[PDB]
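Structure file upload-v2.tsv with TSV, C-alpha atoms:
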```
chain	number	residue	atom	x	y	z
U	1	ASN	CA	0.00	0.00	0.00
U	2	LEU	CA	1.36	3.38	-1.12
U	3	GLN	CA	0.19	5.11	2.09
U	4	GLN	CA	2.24	2.55	4.05
U	5	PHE	CA	5.24	3.15	1.81
U	6	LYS	CA	4.97	6.89	2.42
U	7	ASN	CA	5.05	6.38	6.20
U	8	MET	CA	7.91	3.89	5.96
U	9	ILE	CA	9.95	6.61	4.22
U	10	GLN	CA	9.76	9.02	7.14
U	11	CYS	CA	10.10	6.13	9.57
U	12	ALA	CA	13.49	5.13	8.22
U	13	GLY	CA	14.57	8.53	6.96
U	15	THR	CA	14.66	12.20	7.86
U	17	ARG	CA	13.31	13.18	4.42
U	18	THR	CA	9.64	12.53	3.55
U	19	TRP	CA	8.12	10.94	0.44
U	20	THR	CA	7.54	14.31	-1.22
U	21	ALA	CA	11.31	14.76	-1.39
U	22	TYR	CA	11.42	11.86	-3.84
U	23	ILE	CA	8.46	12.86	-6.03
U	24	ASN	CA	10.70	14.48	-8.67
U	25	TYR	CA	14.14	12.99	-8.23
U	26	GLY	CA	16.49	11.64	-10.89
U	27	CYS	CA	15.38	9.40	-13.74
U	28	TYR	CA	13.39	6.85	-11.73
U	29	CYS	CA	11.83	8.38	-8.59
U	30	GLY	CA	8.21	9.10	-9.47
U	31	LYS	CA	5.86	7.53	-12.05
U	32	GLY	CA	8.12	6.04	-14.71
U	33	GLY	CA	11.78	5.75	-15.58
U	34	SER	CA	14.12	6.03	-18.54
U	35	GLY	CA	17.87	5.90	-19.04
U	36	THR	CA	20.27	4.79	-16.36
U	37	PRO	CA	19.89	5.72	-12.68
U	38	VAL	CA	22.09	8.79	-12.09
U	39	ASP	CA	23.00	7.94	-8.50
U	40	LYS	CA	22.48	5.59	-5.55
U	41	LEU	CA	19.15	7.16	-4.58
U	42	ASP	CA	17.81	7.01	-8.16
U	43	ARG	CA	19.09	3.43	-8.15
U	44	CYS	CA	16.90	2.80	-5.08
U	45	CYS	CA	13.82	4.08	-6.91
U	46	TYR	CA	14.86	1.97	-9.90
U	47	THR	CA	14.79	-1.19	-7.79
U	48	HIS	CA	11.58	-0.39	-5.94
U	49	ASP	CA	10.04	0.39	-9.32
U	50	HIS	CA	10.89	-3.09	-10.65
U	51	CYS	CA	9.74	-4.62	-7.38
U	52	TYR	CA	6.25	-3.20	-7.81
U	53	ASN	CA	6.26	-4.30	-11.43
U	54	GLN	CA	7.06	-7.84	-10.23
U	55	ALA	CA	4.36	-7.63	-7.55
U	56	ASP	CA	1.71	-7.97	-10.29
U	57	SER	CA	3.07	-11.45	-10.99
U	58	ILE	CA	1.61	-12.49	-7.64
U	59	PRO	CA	-2.03	-13.68	-7.45
U	60	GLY	CA	-4.38	-10.97	-6.17
U	61	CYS	CA	-1.47	-8.57	-5.73
U	62	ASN	CA	-1.63	-4.85	-6.55
U	63	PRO	CA	1.33	-2.76	-5.26
U	64	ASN	CA	-0.88	0.27	-4.70
U	65	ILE	CA	-3.97	-1.41	-3.25
U	66	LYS	CA	-2.48	-4.12	-1.02
U	67	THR	CA	-2.58	-3.40	2.70
U	68	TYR	CA	0.06	-5.36	4.61
U	69	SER	CA	1.27	-5.57	8.20
U	70	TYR	CA	4.28	-3.67	9.47
U	71	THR	CA	5.46	-1.73	12.50
U	72	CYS	CA	7.67	1.32	12.79
U	73	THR	CA	10.00	1.77	15.77
U	74	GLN	CA	11.54	5.02	14.56
U	75	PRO	CA	13.80	4.42	12.65
U	76	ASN	CA	13.17	0.67	12.38
U	77	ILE	CA	10.72	-1.00	9.99
U	78	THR	CA	9.50	-4.56	10.47
U	79	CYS	CA	7.50	-6.49	7.90
U	80	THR	CA	5.51	-8.89	10.04
U	81	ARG	CA	3.67	-10.80	7.27
U	82	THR	CA	4.71	-14.43	6.73
U	83	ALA	CA	1.68	-16.36	5.43
U	84	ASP	CA	0.42	-13.72	2.97
U	85	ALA	CA	3.09	-13.91	0.22
U	86	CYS	CA	1.79	-10.82	-1.60
U	87	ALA	CA	1.73	-8.80	1.60
U	88	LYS	CA	5.19	-10.12	2.51
U	89	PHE	CA	6.61	-9.33	-0.95
U	90	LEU	CA	5.15	-5.85	-1.10
U	91	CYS	CA	6.18	-4.83	2.41
U	92	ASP	CA	9.71	-5.94	1.58
U	93	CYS	CA	9.82	-3.84	-1.59
U	94	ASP	CA	8.80	-0.75	0.39
U	95	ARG	CA	10.98	-1.42	3.43
U	96	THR	CA	13.89	-1.89	1.04
U	97	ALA	CA	13.22	1.42	-0.69
U	98	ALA	CA	12.62	3.38	2.53
U	99	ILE	CA	15.89	2.10	4.04
U	100	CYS	CA	17.76	2.55	0.73
U	101	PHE	CA	16.39	6.10	0.51
U	102	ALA	CA	17.70	6.94	3.97
U	103	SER	CA	21.24	5.60	3.60
U	104	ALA	CA	21.64	7.14	0.16
U	105	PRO	CA	22.84	10.74	-0.32
U	106	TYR	CA	20.42	13.33	-1.69
U	107	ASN	CA	21.94	15.19	-4.65
U	108	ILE	CA	19.74	18.26	-5.19
U	109	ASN	CA	21.83	18.63	-8.30
U	110	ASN	CA	19.78	15.66	-9.55
U	111	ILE	CA	16.30	17.02	-8.87
U	112	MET	CA	14.53	17.88	-12.14
U	113	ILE	CA	16.88	16.29	-14.69
U	114	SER	CA	14.14	14.11	-16.17
U	115	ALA	CA	13.99	15.89	-19.54
U	116	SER	CA	17.76	16.45	-19.70
U	117	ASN	CA	20.27	14.33	-21.62
U	118	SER	CA	20.84	12.61	-18.27
U	119	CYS	CA	17.85	10.30	-18.63
U	120	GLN	CA	18.26	9.38	-22.30
I	1	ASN	CA	18.32	-24.02	17.13
I	2	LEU	CA	19.75	-21.73	19.82
I	3	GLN	CA	22.98	-23.74	20.31
I	4	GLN	CA	23.50	-23.24	16.56
I	5	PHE	CA	22.89	-19.50	16.75
I	6	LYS	CA	25.47	-19.32	19.52
I	7	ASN	CA	28.16	-21.02	17.43
I	8	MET	CA	27.26	-18.88	14.43
I	9	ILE	CA	27.99	-15.81	16.57
I	10	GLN	CA	31.58	-16.78	17.29
I	11	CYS	CA	31.93	-18.15	13.77
I	12	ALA	CA	31.22	-14.79	12.16
I	13	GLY	CA	32.35	-12.55	15.00
I	15	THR	CA	35.10	-12.03	17.56
I	17	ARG	CA	32.77	-11.61	20.53
I	18	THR	CA	30.89	-14.67	21.81
I	19	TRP	CA	27.18	-14.96	22.55
I	20	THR	CA	27.67	-14.13	26.22
I	21	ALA	CA	28.75	-10.67	25.10
I	22	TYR	CA	25.22	-9.91	23.93
I	23	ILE	CA	23.12	-11.39	26.75
I	24	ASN	CA	23.11	-7.93	28.42
I	25	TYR	CA	23.19	-5.42	25.58
I	26	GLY	CA	20.99	-2.40	24.99
I	27	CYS	CA	17.20	-2.56	24.82
I	28	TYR	CA	16.74	-5.66	22.65
I	29	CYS	CA	19.70	-8.03	23.01
I	30	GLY	CA	18.65	-10.86	25.30
I	31	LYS	CA	15.07	-11.64	26.34
I	32	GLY	CA	12.34	-9.15	25.53
I	33	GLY	CA	12.87	-5.63	24.29
I	34	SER	CA	11.35	-2.19	24.76
I	35	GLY	CA	11.73	1.31	23.37
I	36	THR	CA	14.01	2.28	20.52
I	37	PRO	CA	17.09	0.20	19.80
I	38	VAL	CA	20.01	2.38	20.96
I	39	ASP	CA	22.53	1.47	18.28
I	40	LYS	CA	23.26	-0.66	15.22
I	41	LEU	CA	23.99	-3.72	17.34
I	42	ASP	CA	20.76	-3.32	19.33
I	43	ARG	CA	19.02	-3.00	15.95
I	44	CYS	CA	20.60	-6.30	14.94
I	45	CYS	CA	19.06	-7.89	18.04
I	46	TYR	CA	15.75	-6.13	17.36
I	47	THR	CA	15.58	-7.62	13.84
I	48	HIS	CA	16.62	-11.08	14.97
I	49	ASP	CA	14.07	-10.86	17.76
I	50	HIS	CA	11.24	-10.18	15.25
I	51	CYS	CA	12.60	-12.92	13.00
I	52	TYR	CA	12.10	-15.56	15.70
I	53	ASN	CA	8.63	-14.23	16.42
I	54	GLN	CA	7.85	-14.56	12.69
I	55	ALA	CA	9.19	-18.12	12.67
I	56	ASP	CA	6.29	-19.27	14.88
I	57	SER	CA	4.06	-18.48	11.90
I	58	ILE	CA	5.69	-21.41	10.10
I	59	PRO	CA	4.17	-24.92	10.50
I	60	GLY	CA	6.20	-27.05	12.91
I	61	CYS	CA	8.63	-24.22	13.53
I	62	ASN	CA	10.11	-23.36	16.95
I	63	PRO	CA	13.09	-20.92	16.91
I	64	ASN	CA	14.74	-22.47	19.96
I	65	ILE	CA	14.51	-26.21	19.33
I	66	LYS	CA	14.46	-26.32	15.51
I	67	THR	CA	17.69	-27.80	14.17
I	68	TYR	CA	18.80	-26.72	10.71
I	69	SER	CA	21.80	-27.35	8.49
I	70	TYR	CA	24.62	-24.87	8.25
I	71	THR	CA	28.39	-24.91	7.96
I	72	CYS	CA	31.04	-22.59	9.34
I	73	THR	CA	34.20	-21.88	7.36
I	74	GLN	CA	35.27	-19.24	9.86
I	75	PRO	CA	34.48	-16.48	9.45
I	76	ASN	CA	31.88	-17.71	6.92
I	77	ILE	CA	28.42	-19.17	7.63
I	78	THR	CA	26.39	-21.06	5.04
I	79	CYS	CA	22.77	-22.11	5.40
I	80	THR	CA	22.34	-25.35	3.44
I	81	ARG	CA	18.57	-25.86	3.82
I	82	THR	CA	16.38	-25.33	0.77
I	83	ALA	CA	13.51	-27.84	1.02
I	84	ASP	CA	12.88	-27.35	4.75
I	85	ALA	CA	11.26	-23.88	4.77
I	86	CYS	CA	11.39	-23.62	8.57
I	87	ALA	CA	15.01	-24.77	8.83
I	88	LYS	CA	15.87	-22.33	6.03
I	89	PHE	CA	14.02	-19.39	7.57
I	90	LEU	CA	15.56	-19.93	10.99
I	91	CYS	CA	19.12	-20.52	9.84
I	92	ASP	CA	18.78	-17.25	7.93
I	93	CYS	CA	17.52	-15.30	10.93
I	94	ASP	CA	20.56	-16.44	12.90
I	95	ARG	CA	23.08	-15.94	10.10
I	96	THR	CA	21.71	-12.44	9.59
I	97	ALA	CA	22.13	-11.70	13.29
I	98	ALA	CA	25.57	-13.35	13.67
I	99	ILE	CA	26.92	-11.36	10.71
I	100	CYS	CA	25.17	-8.14	11.81
I	101	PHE	CA	26.70	-8.55	15.28
I	102	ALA	CA	30.14	-8.95	13.73
I	103	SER	CA	29.99	-5.80	11.59
I	104	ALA	CA	28.33	-3.78	14.35
I	105	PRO	CA	30.44	-1.78	16.81
I	106	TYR	CA	30.25	-2.69	20.49
I	107	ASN	CA	29.42	0.35	22.63
I	108	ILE	CA	30.29	-0.83	26.15
I	109	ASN	CA	28.45	2.32	27.17
I	110	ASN	CA	25.26	0.53	26.07
I	111	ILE	CA	25.58	-2.55	28.26
I	112	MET	CA	23.03	-2.59	31.11
I	113	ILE	CA	20.71	0.28	30.10
I	114	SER	CA	17.51	-1.79	29.93
I	115	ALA	CA	16.10	-0.18	33.07
I	116	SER	CA	17.33	3.30	32.11
I	117	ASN	CA	15.32	6.06	30.40
I	118	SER	CA	16.86	4.95	27.10
I	119	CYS	CA	14.65	1.88	26.64
I	120	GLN	CA	11.60	3.89	27.66
M	1	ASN	CA	22.86	-19.84	-16.90
M	2	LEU	CA	26.64	-19.35	-16.99
M	3	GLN	CA	26.56	-17.07	-20.08
M	4	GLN	CA	24.08	-14.85	-18.21
M	5	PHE	CA	26.25	-14.79	-15.09
M	6	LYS	CA	29.26	-13.87	-17.21
M	7	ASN	CA	27.39	-10.93	-18.75
M	8	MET	CA	25.99	-9.88	-15.37
M	9	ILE	CA	29.60	-9.47	-14.21
M	10	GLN	CA	30.45	-6.99	-16.98
M	11	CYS	CA	27.14	-5.26	-16.23
M	12	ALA	CA	27.66	-4.70	-12.52
M	13	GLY	CA	31.41	-4.33	-12.54
M	15	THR	CA	34.48	-2.98	-14.29
M	17	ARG	CA	36.32	-6.31	-14.36
M	18	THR	CA	34.95	-9.12	-16.57
M	19	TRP	CA	34.41	-12.82	-15.79
M	20	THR	CA	37.91	-13.83	-16.89
M	21	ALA	CA	39.34	-11.73	-14.05
M	22	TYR	CA	37.93	-14.09	-11.44
M	23	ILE	CA	38.65	-17.34	-13.31
M	24	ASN	CA	41.86	-17.72	-11.25
M	25	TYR	CA	41.26	-15.86	-7.99
M	26	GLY	CA	41.84	-16.96	-4.42
M	27	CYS	CA	40.72	-20.30	-3.02
M	28	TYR	CA	37.16	-20.37	-4.39
M	29	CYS	CA	36.78	-18.32	-7.58
M	30	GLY	CA	36.71	-20.70	-10.52
M	31	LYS	CA	35.83	-24.39	-10.27
M	32	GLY	CA	36.32	-26.09	-6.92
M	33	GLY	CA	37.32	-24.46	-3.68
M	34	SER	CA	38.84	-25.47	-0.36
M	35	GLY	CA	40.10	-23.71	2.75
M	36	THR	CA	39.22	-20.25	4.04
M	37	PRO	CA	38.26	-17.54	1.56
M	38	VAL	CA	41.31	-15.25	1.61
M	39	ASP	CA	39.42	-11.99	1.17
M	40	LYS	CA	36.16	-10.17	0.45
M	41	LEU	CA	36.09	-11.10	-3.23
M	42	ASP	CA	36.97	-14.73	-2.42
M	43	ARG	CA	34.09	-14.80	0.05
M	44	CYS	CA	31.89	-13.65	-2.84
M	45	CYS	CA	32.87	-16.70	-4.87
M	46	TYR	CA	32.53	-18.91	-1.79
M	47	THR	CA	28.92	-17.77	-1.36
M	48	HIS	CA	28.06	-17.93	-5.03
M	49	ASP	CA	29.56	-21.40	-5.17
M	50	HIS	CA	27.32	-22.61	-2.32
M	51	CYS	CA	24.39	-20.95	-4.05
M	52	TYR	CA	24.86	-23.02	-7.20
M	53	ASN	CA	25.18	-26.12	-5.08
M	54	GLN	CA	21.89	-25.28	-3.33
M	55	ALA	CA	20.23	-24.61	-6.67
M	56	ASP	CA	20.36	-28.34	-7.48
M	57	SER	CA	17.94	-29.01	-4.61
M	58	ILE	CA	15.29	-27.29	-6.71
M	59	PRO	CA	13.29	-29.48	-9.13
M	60	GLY	CA	14.53	-29.25	-12.72
M	61	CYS	CA	17.24	-26.83	-11.65
M	62	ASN	CA	20.75	-26.87	-13.12
M	63	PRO	CA	22.87	-23.77	-12.31
M	64	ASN	CA	24.81	-23.95	-15.58
M	65	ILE	CA	21.94	-24.84	-17.89
M	66	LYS	CA	19.03	-22.81	-16.50
M	67	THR	CA	18.13	-19.76	-18.58
M	68	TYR	CA	16.43	-17.04	-16.57
M	69	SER	CA	15.04	-13.60	-17.25
M	70	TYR	CA	16.99	-10.52	-16.31
M	71	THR	CA	17.80	-7.09	-17.70
M	72	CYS	CA	20.93	-4.97	-17.46
M	73	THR	CA	20.92	-1.17	-17.25
M	74	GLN	CA	24.63	-0.76	-16.55
M	75	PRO	CA	25.51	-0.86	-13.81
M	76	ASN	CA	22.13	-2.28	-12.69
M	77	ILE	CA	20.85	-5.84	-12.79
M	78	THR	CA	17.23	-6.87	-12.37
M	79	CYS	CA	15.94	-10.42	-11.95
M	80	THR	CA	12.45	-10.42	-13.43
M	81	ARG	CA	11.42	-14.01	-12.56
M	82	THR	CA	8.77	-14.58	-9.88
M	83	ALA	CA	6.77	-17.71	-10.82
M	84	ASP	CA	9.76	-19.82	-11.87
M	85	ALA	CA	11.39	-20.53	-8.48
M	86	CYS	CA	14.52	-22.12	-10.00
M	87	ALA	CA	15.04	-19.27	-12.48
M	88	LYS	CA	14.44	-16.77	-9.67
M	89	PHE	CA	16.84	-18.48	-7.26
M	90	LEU	CA	19.62	-18.82	-9.82
M	91	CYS	CA	19.33	-15.28	-11.14
M	92	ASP	CA	19.70	-14.14	-7.53
M	93	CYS	CA	22.82	-16.20	-6.96
M	94	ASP	CA	24.41	-14.61	-10.03
M	95	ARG	CA	23.18	-11.06	-9.48
M	96	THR	CA	24.46	-11.32	-5.92
M	97	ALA	CA	27.85	-12.53	-7.07
M	98	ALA	CA	28.11	-9.97	-9.89
M	99	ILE	CA	27.40	-7.15	-7.41
M	100	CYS	CA	29.59	-8.58	-4.59
M	101	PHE	CA	32.34	-8.85	-7.21
M	102	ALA	CA	31.94	-5.21	-8.21
M	103	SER	CA	32.03	-3.75	-4.68
M	104	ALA	CA	34.81	-6.04	-3.48
M	105	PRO	CA	38.47	-5.00	-3.86
M	106	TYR	CA	40.72	-6.97	-6.21
M	107	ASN	CA	43.96	-8.05	-4.51
M	108	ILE	CA	46.22	-9.14	-7.37
M	109	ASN	CA	48.30	-10.62	-4.59
M	110	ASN	CA	45.59	-13.28	-4.29
M	111	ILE	CA	45.65	-14.44	-7.91
M	112	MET	CA	47.21	-17.90	-8.14
M	113	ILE	CA	47.44	-18.95	-4.48
M	114	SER	CA	45.23	-22.05	-4.78
M	115	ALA	CA	48.17	-24.42	-4.31
M	116	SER	CA	49.84	-22.35	-1.58
M	117	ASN	CA	49.59	-22.68	2.20
M	118	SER	CA	46.73	-20.17	2.11
M	119	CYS	CA	44.05	-22.52	0.75
M	120	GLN	CA	44.66	-25.30	3.26
```

Will you turn the file into structure tokens for me?
Amino acid sequence: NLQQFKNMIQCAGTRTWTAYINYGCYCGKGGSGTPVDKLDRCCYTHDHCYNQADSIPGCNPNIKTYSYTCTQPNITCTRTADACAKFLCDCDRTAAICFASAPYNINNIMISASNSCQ
Amino acid sequence: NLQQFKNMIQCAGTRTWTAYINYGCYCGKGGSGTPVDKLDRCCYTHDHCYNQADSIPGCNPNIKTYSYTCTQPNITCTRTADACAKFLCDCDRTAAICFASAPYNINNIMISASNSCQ
Amino acid sequence: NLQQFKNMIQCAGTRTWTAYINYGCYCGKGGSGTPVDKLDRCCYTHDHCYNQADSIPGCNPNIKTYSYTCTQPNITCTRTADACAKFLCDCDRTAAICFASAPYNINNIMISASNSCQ
């Protein structure tokens, strides 16, 4: 669930989800070219993870509500039996954590239409 | 199995399992508050891993014996078919390795009853 | 399969597959003793991964063709339904990445018959 992903982002990081709305070539809806940096790389992975989520029966990355807990700054995906829930929570936990450890290059905000994402 | 987690600890790390019995808010039985450091986080994760293991048919974190090998300092989980054995060996390997890479803040030994695990 | 692992290496790293053909105690066929360094550990792990892959029905590490994409330097395993394909692509992607982040100690090329791999 996207609303759970948004909360996981501020759980694990200092920056919120809005910070990543327009970053690099892959953070946001869509992606072209090669990821410009580690952060963009994070979004690249998460992006493929969601894509893959569809391959799971009754699994929609945006709809699916899973189980998780946040112990600022720790995220725990508690689902075991529900494979779709488990898979999806992992994608998001991965991204949130990746987003936090990665540096934020403001130099790479709004480069989408540049020769950077060709 | 717990005796296996113990050996994994000294396999991958320098410090033995006794070193962690009294660390931070989550190393050892129970756990409350925010983990104080990376090591305590390691214990926090491992702790939730065991809890998640119960959700596996015929799976008890303490008595379940799996297959693993130690080529000090390397740990290899051999189980593939046995989902419980596999899951558990992984929990432990994750922790044993995490413990090894994590710094040991002696300042964080015996703080469980302090305002830090509040 | 092996041709896909070879290409994954060039994808994720600077050095190609031939670079590791003769490295440490585990890179290349066989392997005995303690991995001498980070990179060697990589091969050690990957090697155990291929071994474990045989425990999957209709799964041969060298023959199995999986689905993956490379966006230098990024690798994505796209398999979800095909457990064997998925497992194997992971082994390789893991190795390719481990190989790229690990330092290359030319001092550890051709030491297989020395006292170091005992």

Could you tell me which residues of chain U sit within 10 Å of chain I when counting only C-alpha atoms, and give me the result as a short mmCIF file (atom, residue, chain, number, x, y, z; two decimals) with C-alpha atoms, in the frame of the given file?
```
data_model
loop_
_atom_site.label_atom_id
_atom_site.label_comp_id
_atom_site.auth_asym_id
_atom_site.auth_seq_id
_atom_site.Cartn_x
_atom_site.Cartn_y
_atom_site.Cartn_z
CA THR U 73 10.00 1.77 15.77
CA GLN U 74 11.54 5.02 14.56
CA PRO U 75 13.80 4.42 12.65
CA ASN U 76 13.17 0.67 12.38
CA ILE U 77 10.72 -1.00 9.99
CA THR U 78 9.50 -4.56 10.47
CA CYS U 79 7.50 -6.49 7.90
CA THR U 80 5.51 -8.89 10.04
CA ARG U 81 3.67 -10.80 7.27
CA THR U 82 4.71 -14.43 6.73
CA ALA U 83 1.68 -16.36 5.43
#
```

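Neighbouring residues of residue 39 in chain U at 12 Å or closer, counting all atoms listed in the file and skipping chain neighbours under 5 positions away, are residues 25, 26, 27, 28, 29, 44, 45, 46, 100, 101, 104, 105, 106, 107, 108, 109, 110, 111, 118 and 119 of chain U; 74, 75 and 76 of chain M.
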
Please superimpose chain U upon chain I, fitting all C-alpha atoms matched one to one in order, and report the result as an mmCIF file with C-alpha atoms, keeping the file's coordinate frame.
```cif
data_model
loop_
_atom_site.group_PDB
_atom_site.id
_atom_site.type_symbol
_atom_site.label_atom_id
_atom_site.label_comp_id
_atom_site.auth_asym_id
_atom_site.auth_seq_id
_atom_site.Cartn_x
_atom_site.Cartn_y
_atom_site.Cartn_z
ATOM 1 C CA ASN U 1 18.329 -23.887 17.191
ATOM 2 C CA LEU U 2 19.772 -21.570 19.851
ATOM 3 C CA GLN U 3 22.935 -23.695 20.235
ATOM 4 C CA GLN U 4 23.526 -23.239 16.487
ATOM 5 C CA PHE U 5 22.943 -19.505 16.790
ATOM 6 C CA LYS U 6 25.494 -19.316 19.599
ATOM 7 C CA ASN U 7 28.143 -21.013 17.441
ATOM 8 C CA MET U 8 27.291 -18.861 14.428
ATOM 9 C CA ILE U 9 28.057 -15.795 16.573
ATOM 10 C CA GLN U 10 31.650 -16.806 17.240
ATOM 11 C CA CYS U 11 31.956 -18.120 13.697
ATOM 12 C CA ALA U 12 31.245 -14.735 12.164
ATOM 13 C CA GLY U 13 32.517 -12.597 15.016
ATOM 14 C CA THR U 15 35.348 -12.234 17.493
ATOM 15 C CA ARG U 17 32.892 -11.714 20.377
ATOM 16 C CA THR U 18 30.863 -14.670 21.716
ATOM 17 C CA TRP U 19 27.138 -14.923 22.471
ATOM 18 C CA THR U 20 27.638 -14.071 26.141
ATOM 19 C CA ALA U 21 28.775 -10.605 25.075
ATOM 20 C CA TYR U 22 25.243 -9.964 23.836
ATOM 21 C CA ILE U 23 23.333 -11.406 26.808
ATOM 22 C CA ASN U 24 22.825 -7.971 28.407
ATOM 23 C CA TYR U 25 23.229 -5.425 25.650
ATOM 24 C CA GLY U 26 21.025 -2.438 24.850
ATOM 25 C CA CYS U 27 17.237 -2.567 24.804
ATOM 26 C CA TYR U 28 16.790 -5.676 22.651
ATOM 27 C CA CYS U 29 19.679 -8.150 23.063
ATOM 28 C CA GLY U 30 18.444 -10.802 25.478
ATOM 29 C CA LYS U 31 14.918 -12.015 26.338
ATOM 30 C CA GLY U 32 12.610 -9.132 25.461
ATOM 31 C CA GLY U 33 12.751 -5.590 24.168
ATOM 32 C CA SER U 34 11.251 -2.176 24.806
ATOM 33 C CA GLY U 35 11.794 1.311 23.436
ATOM 34 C CA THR U 36 13.869 2.025 20.377
ATOM 35 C CA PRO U 37 17.146 0.236 19.595
ATOM 36 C CA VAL U 38 19.957 2.476 20.895
ATOM 37 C CA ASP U 39 22.486 1.528 18.222
ATOM 38 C CA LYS U 40 23.275 -0.670 15.216
ATOM 39 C CA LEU U 41 24.036 -3.729 17.351
ATOM 40 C CA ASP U 42 20.825 -3.348 19.394
ATOM 41 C CA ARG U 43 19.115 -2.896 16.028
ATOM 42 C CA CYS U 44 20.539 -6.292 15.002
ATOM 43 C CA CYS U 45 19.036 -7.947 18.081
ATOM 44 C CA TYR U 46 15.790 -6.104 17.347
ATOM 45 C CA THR U 47 15.584 -7.686 13.898
ATOM 46 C CA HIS U 48 16.614 -11.172 14.971
ATOM 47 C CA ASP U 49 14.039 -10.883 17.744
ATOM 48 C CA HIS U 50 11.236 -10.196 15.239
ATOM 49 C CA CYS U 51 12.575 -12.936 12.990
ATOM 50 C CA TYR U 52 12.125 -15.544 15.707
ATOM 51 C CA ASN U 53 8.697 -14.138 16.474
ATOM 52 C CA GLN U 54 7.802 -14.625 12.790
ATOM 53 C CA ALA U 55 9.271 -18.141 12.813
ATOM 54 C CA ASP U 56 6.248 -19.317 14.844
ATOM 55 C CA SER U 57 4.069 -18.461 11.850
ATOM 56 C CA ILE U 58 5.669 -21.417 10.078
ATOM 57 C CA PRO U 59 4.157 -24.916 10.494
ATOM 58 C CA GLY U 60 6.076 -27.040 13.006
ATOM 59 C CA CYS U 61 8.576 -24.235 13.558
ATOM 60 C CA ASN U 62 10.040 -23.321 16.958
ATOM 61 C CA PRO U 63 13.032 -20.906 16.857
ATOM 62 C CA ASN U 64 14.616 -22.530 19.895
ATOM 63 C CA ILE U 65 13.943 -26.194 19.128
ATOM 64 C CA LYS U 66 14.506 -26.378 15.362
ATOM 65 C CA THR U 67 17.768 -27.977 14.282
ATOM 66 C CA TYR U 68 18.823 -26.871 10.801
ATOM 67 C CA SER U 69 21.801 -27.436 8.518
ATOM 68 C CA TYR U 70 24.682 -25.004 8.255
ATOM 69 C CA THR U 71 28.456 -24.949 7.951
ATOM 70 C CA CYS U 72 31.026 -22.571 9.369
ATOM 71 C CA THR U 73 34.212 -21.761 7.443
ATOM 72 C CA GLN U 74 35.559 -19.271 9.969
ATOM 73 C CA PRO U 75 34.343 -16.555 9.460
ATOM 74 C CA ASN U 76 31.808 -17.685 6.847
ATOM 75 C CA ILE U 77 28.344 -19.088 7.580
ATOM 76 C CA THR U 78 26.340 -21.033 5.012
ATOM 77 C CA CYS U 79 22.708 -22.009 5.441
ATOM 78 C CA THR U 80 22.448 -25.148 3.348
ATOM 79 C CA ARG U 81 18.716 -25.892 3.820
ATOM 80 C CA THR U 82 16.488 -25.416 0.760
ATOM 81 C CA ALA U 83 13.562 -27.858 1.021
ATOM 82 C CA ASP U 84 12.842 -27.384 4.745
ATOM 83 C CA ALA U 85 11.323 -23.860 4.782
ATOM 84 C CA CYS U 86 11.346 -23.621 8.589
ATOM 85 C CA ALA U 87 14.965 -24.714 8.765
ATOM 86 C CA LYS U 88 15.835 -22.326 5.922
ATOM 87 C CA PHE U 89 13.996 -19.403 7.560
ATOM 88 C CA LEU U 90 15.492 -19.970 10.981
ATOM 89 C CA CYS U 91 19.067 -20.430 9.787
ATOM 90 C CA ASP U 92 18.732 -17.172 7.874
ATOM 91 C CA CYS U 93 17.520 -15.282 10.945
ATOM 92 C CA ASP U 94 20.555 -16.479 12.912
ATOM 93 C CA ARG U 95 23.102 -16.036 10.127
ATOM 94 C CA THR U 96 21.764 -12.513 9.681
ATOM 95 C CA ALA U 97 22.152 -11.720 13.371
ATOM 96 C CA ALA U 98 25.608 -13.306 13.706
ATOM 97 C CA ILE U 99 26.914 -11.343 10.697
ATOM 98 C CA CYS U 100 25.115 -8.155 11.817
ATOM 99 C CA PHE U 101 26.621 -8.599 15.290
ATOM 100 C CA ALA U 102 30.129 -8.824 13.863
ATOM 101 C CA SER U 103 30.020 -5.804 11.554
ATOM 102 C CA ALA U 104 28.355 -3.645 14.187
ATOM 103 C CA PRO U 105 30.376 -1.710 16.794
ATOM 104 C CA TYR U 106 30.160 -2.746 20.444
ATOM 105 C CA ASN U 107 29.349 0.243 22.667
ATOM 106 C CA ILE U 108 30.110 -0.877 26.234
ATOM 107 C CA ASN U 109 28.479 2.401 27.112
ATOM 108 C CA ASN U 110 25.255 0.604 26.131
ATOM 109 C CA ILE U 111 25.631 -2.497 28.291
ATOM 110 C CA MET U 112 23.125 -2.444 31.169
ATOM 111 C CA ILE U 113 20.868 0.451 30.127
ATOM 112 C CA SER U 114 17.737 -1.704 30.155
ATOM 113 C CA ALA U 115 16.116 -0.014 33.166
ATOM 114 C CA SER U 116 17.324 3.469 32.183
ATOM 115 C CA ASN U 117 15.293 6.126 30.369
ATOM 116 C CA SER U 118 17.045 4.824 27.248
ATOM 117 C CA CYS U 119 14.637 1.931 26.762
ATOM 118 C CA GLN U 120 11.381 3.743 27.536
#
```

Atom pair CA of residue 21 in chain I / CA of residue 6 in chain I: separation (Å): 10.8 Å

Residue 64 in chain M surroundings by only C-alpha atoms, 6 Å radius, close-in-sequence under 2 positions cut, as a PyMOL selection string: chain M and resi 1-2+62+66
